[PDB]
């Protein structure tokens, strides 16, 4: 309620500057409440970013769970594309939260642990699907599936987020999905 207003204010302000330049007073004003009233909702501006990141991470996670439960009727290249696309659209639709949440991994144990927990979950699901593809005879038994899954997930983390931030260097945002799908499909199905 007022919680949603604080979160919306923070996501808005993060589009024009870093969390280090946003004061508890800034978040209070945008939500139509006082500073002490802010502390009834959150202990710190750091907790507000942790909550925004938690919401975006869980949105991606539930979108991937939806795809897992509702297999698309398409070839294996388009199957992998739908999965990568969850992360491209979810994080790419919340660039300021993505940028600030990644930066906070350096200074917040809670943000680092959240990121680590979900990356472990997404890697495990990737490996399980590679294993299923090997079990059905579509993919060759090359690298250990979990190691391959880990490197492909870390590739997507660095490459998506560099593209969203317009880093130099980066893959243009309009090319990054096709780029990652190519590398996933060749490395999963290639002898």
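Numbering follows the first chain given and starts at 1.
A summary of the deposited B-factors shows that, of 31-39 and 124-132, the stretch with the larger mean C-alpha value is 31-39. Set 70-78 against 114-122 and average the Cα temperature factors; 70-78 ends up higher.
Note on 159, 59, 44, 153: the highest value goes to 44, judged by CA B factor as recorded.
In the deposited coordinates, the residue among 177, 13, 183, 171 with the greatest CA B-factor is 13. In this PDB entry, residue 85 carries a Cα temperature factor that places it within the lowest third of its chain's modelled residues.
Sort the chain's modelled residues by C-alpha temperature factor and residue 54 lands in the middle third, per the entry. In the PDB entry, a CA B factor belonging to the lowest third of its chain's modelled residues is recorded for residue 148.
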